[PDB]
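For reference, the structure discussed in these notes is given below.
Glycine gets a Cβ as well: all are built from the backbone with ideal geometry, and neighbour counts include every protein chain shown. What follows draws every value from the coordinates through simple rules; no lab data is involved.
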Amino acid sequence: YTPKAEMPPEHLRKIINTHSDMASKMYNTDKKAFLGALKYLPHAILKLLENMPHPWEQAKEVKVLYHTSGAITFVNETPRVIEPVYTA
Amino acid sequence: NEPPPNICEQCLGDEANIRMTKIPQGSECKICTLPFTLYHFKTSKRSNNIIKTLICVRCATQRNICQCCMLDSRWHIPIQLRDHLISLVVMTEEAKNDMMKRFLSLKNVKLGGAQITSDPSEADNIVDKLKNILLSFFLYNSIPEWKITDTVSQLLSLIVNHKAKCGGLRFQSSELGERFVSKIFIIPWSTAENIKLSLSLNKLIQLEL
Amino acid sequence: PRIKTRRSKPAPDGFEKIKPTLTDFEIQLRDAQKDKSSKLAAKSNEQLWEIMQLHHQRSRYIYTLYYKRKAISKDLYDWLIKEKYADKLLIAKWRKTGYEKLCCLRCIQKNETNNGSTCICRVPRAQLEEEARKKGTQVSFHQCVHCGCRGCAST
Amino acid sequence: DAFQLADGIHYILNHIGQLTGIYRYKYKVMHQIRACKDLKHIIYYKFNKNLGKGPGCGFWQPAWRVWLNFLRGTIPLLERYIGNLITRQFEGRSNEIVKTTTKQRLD
RNA sequence: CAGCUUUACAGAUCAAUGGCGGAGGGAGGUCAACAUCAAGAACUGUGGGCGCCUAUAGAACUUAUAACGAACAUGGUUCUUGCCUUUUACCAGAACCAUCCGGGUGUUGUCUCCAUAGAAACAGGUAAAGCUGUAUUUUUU
RNA sequence: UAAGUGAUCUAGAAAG
Ligand SMILES: [Mg+2]
Ligand SMILES: [Zn+2]
Ligand SMILES: [Zn+2]
Ligand SMILES: [Zn+2]
Ligand SMILES: [Zn+2]
């Protein structure tokens with residue numbers, strides 16, 4: 001159906017920052033979420049690694065999904081290239 | 001396979017459409033501490049606070065109660081009270097133990113009384129039987145302070161010991177007291193003999209410990 | 001915004017005029033993006049809401065200057081869009097009918113919500129208020145949990 | 001520097017083996033490590049033909065690719081493993097059944 | 001420089017017949033949902049003849065140093081090996097199997113960005129595009 | 001009158 005809302009990165013950043021000193025009864029469930037996320041952390045790693053900016057690239061912008069709890073963040077895009085161009 | 005949720009009329013709401021979500025093995029039942037499907041409904045769309053089911057269907061069946069209200073399915077009375085009434089015309093003993101409670105839950109006997117409530121025959125009969133059965137100032141001379149306070153208010157800090165039976169009301173205003181006197185169980189300022197004696201005895205009792 | 005890496009040309013013509021307006025925003029964002037030890041769920045949510053609002057606001061400003069006021073070149077607008085400054089989808093939504101006052105896109109993702117519908121914010125205050133009146137109770141909701149949006153509707 | 005960064009990356013990818021113990025815990029990463037080493041050998045010989053021996057060879061690509069492919073395999077294994085562990089932590093097994101196909105306990 | 005077929009054109013009688021007609025989008029998203037992609041070189045229906053012949057047709061994708069990948073991981077099971085002597089974690093081969101990281105194609109649905117006409121051919125011209133042409137024995141002198 | 005080209009296993013961690 002209707003596509004995902006392109007959120008601002010700022011929001012994501014804020015979320016991340018909140019779950020640094022996480023030790024209240026607030027986000028009990030966020031800790032649970034985090035724990036769960038281990039399941040997909042290797043996937044996330046694979047994604048991020050795959051998106052590694054190549055040496056002809058100062059800094060790559062990349063698509064990102066992230067759990068609103070702040071538990072996990074997947075680089076979403078899969079980096080495809082024009083093969084000959086890539087080789088060059 | 002799953003049985004259906006047993007939610008009462010007053011529990012659920014006053015409307016001809018309610019939407020609820022089922023959460024299979026959501027929480028453990030409070031009685032039995034055994035996984036079961038949580039139903040939770042919002043009553044009216046916008047009216048705040050959800051109504052989650054707190055007990056497993058089996059347990060509800062056993063007690064014959066609303067899965068939210070924890071009250072008799074029929075008469076909408078706390079389990080104790082409903083059972084007590086039946087007894088008056090035997091009550092349930094929920095076994096408060098880690099292992100045993102679960103076992104009890106799984107048993108399907110309708111614990112105690114529940115059977116009577118379930119059947120039109122039996123509940124009705126019980127009801128009938130019940131019907132038949134039915135058919136500043138110190139203060140001296142047991143009843144609660146919330147009643148005393150109410151009385152005082154009507155007449156218009158309020159200390160009362162019961163072992164003493166000696167209620168020292170302190171309005172802290174000469175207006176309130178002088179209104180209180182005119183608008184009107186011994187009531188002085190800051191079988192009479194018998195009463196005095198009793199009071200004295202009470203005082204003594206209070207003072208020996 | 002993203003970081004400049006000599007990918008796109010520094011900026012088109014009229015950026016110097018608007019830059020100081022949307023650079024105030026950056027400061028605000030920076031204040032937002034950090035550990036406000038909220039110690040409380042509602043409080044925590046509030047910062048997120050604030051952030052969202054800020055994000056919206058910049059876009060609105062940009063949108064307003066390009067469409068309504070029309071005081072900025074098309075090229076510049078395009079450049080802005082390409083950069084992270086504006087939100088493109090949001091802008092598009094705004095441009096469409098019935099979505100002009102629009103807190104955020106994820107308040108109209110019908111898939112997301114538990115009940116298959118839009119956010120309440122999208123209900124015009126009028127209707128909710130009327131319902132409340134009919135019922136007996138007062139105005140029922142204040143702001144949604146996605147973004148702080150007291151009466152987002154186009155009315 | 002950019003060149004330096006590239007070189008660093010290359011080093012990491014070749015030296016996964018030394019840099020950090022994966023191989024300890026799963027010793028089929030050893031194959032991957034070997035492959036990386038081979039690539040380095042090949043790549044370095046191609047790259048330092050007229051040019052002499054030293055550090056500063058970039059060209060991390062094939063190594064990177066290899067690591068990515070290794071990760072693919074892990075994704076599954078980790079999802080069973082890590083996921084299982086987390087499940088246990090939340091809901092920790094009832095009545096396991098031992099298995100006599102083991103050399104021990106058979107007799 | 002002739003001929004016929006189509007557009008761009010007036011003003012037509014507008015029958016006659018055709019063709020564009022229940023005449024209304026296009027470009028795209030690191031956007032979805034579904035279908036389907038290893039089988040007798042292998043496809044799908046349609047009737048008819050009676051699970052199979054004969055005409056209709058359609059057919060997007062993938063394949064011959066055989067495959068959705070000019071790409072390559074990991075599992076599980078047996079069997080054999082090797083380091084070994086306990087197992088995991090491993091060696092390397094085999095056979096079945098799975099998982100995974102991906103890929104198309106088709107159909108919808110959406111999201112975005114640009115846009116808005118409900119009627120024209122005939123008699124033949126005006127102009128431009130498609131093809132053919134350049135009487136003395138076998139075609140028409 | 002003719003020697004002397006190439007084939008190169010491995011590869012560690014836990015618990016016991
Ligand atoms: Mg031992
Ligand atoms: Zn109830
Ligand atoms: Zn809103
Ligand atoms: Zn919103
Ligand atoms: Zn909203």
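Here region C:1-77 and region B:191-209 have alpha carbon centers that stand 81 Å from each other. Label-to-label distance for C:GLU129 and C:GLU46 is 2.6 nm, based on points extended 7 Å past Cα in the beta-carbon direction.
The alpha-carbon positions of the protein assembly as shown define a convex hull whose volume is 375 Å³ per residue.
Sorted ascending by nearby beta carbons within 10 Å, beginning with the fewest, B:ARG19, C:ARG2 become B:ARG19, C:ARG2.
Counting only residues at least eight positions apart within a chain, or on another chain, the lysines with an alpha carbon under 20 Å from that of C:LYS88 are A:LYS4, A:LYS60, A:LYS63, C:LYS4, C:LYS9, C:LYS19, C:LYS68, C:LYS70, C:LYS74, C:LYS96, C:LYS101, C:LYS110.
Using Cβ contacts closer than 10 Å as the measure, can you line up B:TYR140, D:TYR45 from fewest to most? If you can, show how the numbers build up before the last one.
Numbers: B:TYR140 16, D:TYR45 9.
Placing the least packed residue first, the sequence is D:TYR45, B:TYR140.
What's the average, rounded to a whole number, of partner chain beta-carbon atoms within 10 Å of each residue's beta-carbon in A:37-47?
Values: counts 2, 8, 10, 5, 3, 10, 7, 1, 4, 9, 3.
Neighbouring Cβ atoms belonging to other protein chains average 6 per residue here.
Using the Cβ-Cβ distance between D:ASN48 and D:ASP1 with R0 = 22 Å, the FRET efficiency computed as 1/(1 + (r/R0)^6) comes to roughly 0.70. Counting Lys and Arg as +1 and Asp and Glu as -1 over every other residue whose Cβ lies under 9 Å from the Cβ of B:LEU38, the net charge comes to +2. Pull out a ≥ b ≥ c, the square roots of the eigenvalues of the alpha-carbon gyration tensor of region B:91-156, then state rounded if a/c is under 1.5, prolate if not and a/b is larger than b/c, and oblate in the remaining case. Oblate shape, in that a/c is at least 1.5 and b/c is the bigger or equal ratio.
What is the dipole size for the protein assembly as shown, taken about its Cα centre, with +1 at each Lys and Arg Cβ and -1 at each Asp and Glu Cβ, in debye to the nearest 20? List each step's numbers first, then the result.
Working: 87 positive and 53 negative charges, 439 e Å.
It comes to approximately 2100 debye.
May I ask for the distance between the Cα centers of region A:45-88 and region B:79-140, given as a whole number of Å? Using only Cα atoms to place each centre, the spacing works out to 66 Å. Ignoring trypsin sites (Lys or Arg not before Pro) that are buried or in helix or strand per DSSP, and keeping those with at most 12 other beta carbon atoms within 10 Å, what is the longest stretch of chain D between them? The longest such stretch corresponds to D:54-92.
The label point for B:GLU28 and the one for B:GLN115, both projected 7 Å from the Cα toward the Cβ, are 3.1 nm apart. First check a/c for chain D, with a ≥ b ≥ c the square roots of the eigenvalues of its C-alpha gyration tensor; if it is under 1.5, answer rounded, and if not, answer prolate when a/b is larger than b/c or oblate otherwise. Verdict is prolate for chain D. Only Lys, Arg, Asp and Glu carry charge here, each on its Cβ (+1 for the first two, -1 for the last two); on that basis chain C has a dipole of about 360 debye about its Cα centre.
Could you tell me the calculated FRET efficiency between B:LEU207 and B:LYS183, based on Cβ-Cβ distance and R0 = 30 angstrom, to the nearest 0.05?
Efficiency, from the Cβ-Cβ distance: 0.30.
When only the Cβ of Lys, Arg, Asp and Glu is charged (+1, +1, -1, -1), the dipole of region B:71-116 relative to its Cα centre reaches about 140 debye. Taking a ≥ b ≥ c as the square roots of the Cα gyration tensor eigenvalues, region B:41-163 comes out prolate, since a/c reaches at least 1.5 and a/b is larger than b/c. Which residues in region B:135-153 have a backbone N closer than 18 Å to a point placed 7 Å from the Cα of B:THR191 along the Cα-to-Cβ line? Answer for region B:135-153: B:140-143. Spin-label model, A:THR78 to C:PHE141: label points 7 Å out along the Cα-to-beta-carbon direction sit 3.7 nm apart.
Considering helices alone, the calculated mean residue ellipticity of chain C at 222 nm is -14500 deg cm²/dmol, with DSSP H runs of length four and up weighted by -39500 (n - 2.57) and normalised per residue.
FRET efficiency for D:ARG24 and D:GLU96, Cβ-Cβ distance as r, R0 = 22 Å, nearest 0.05?
Computed FRET efficiency for D:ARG24 and D:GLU96: 0.25.
Here, P(r) means the percent of Cα pairs in each 10 Å bin from 0 to the largest distance; for region D:1-56 it is 23, 46, 25, 6, 0. Per residue, the convex hull spanned by the alpha carbons of chain C comes to 145 Å³.
Within 10 Å of each Cβ in D:69-79, how many Cβ atoms from other chains are there, averaged over the peptide?
Working: counts 1, 1, 7, 4, 0, 4, 7, 2, 1, 8, 6.
For this peptide, the per-residue mean of nearby foreign Cβ atoms is 4.
Look at where the Cα atoms of region C:106-145 and of region B:21-73 average out, and the two centres are 27 Å apart.
Run the helix sum for chain B: -39,500 (n - 2.57) per DSSP H stretch of 4+ residues, divided by residue count, reported at 222 nm to the nearest 500 deg cm²/dmol. Provide the component values of the computation, followed by the final result.
Values: 9 runs with 85 residues, N = 209.
Value at 222 nm, helices only: -11500 deg cm²/dmol.
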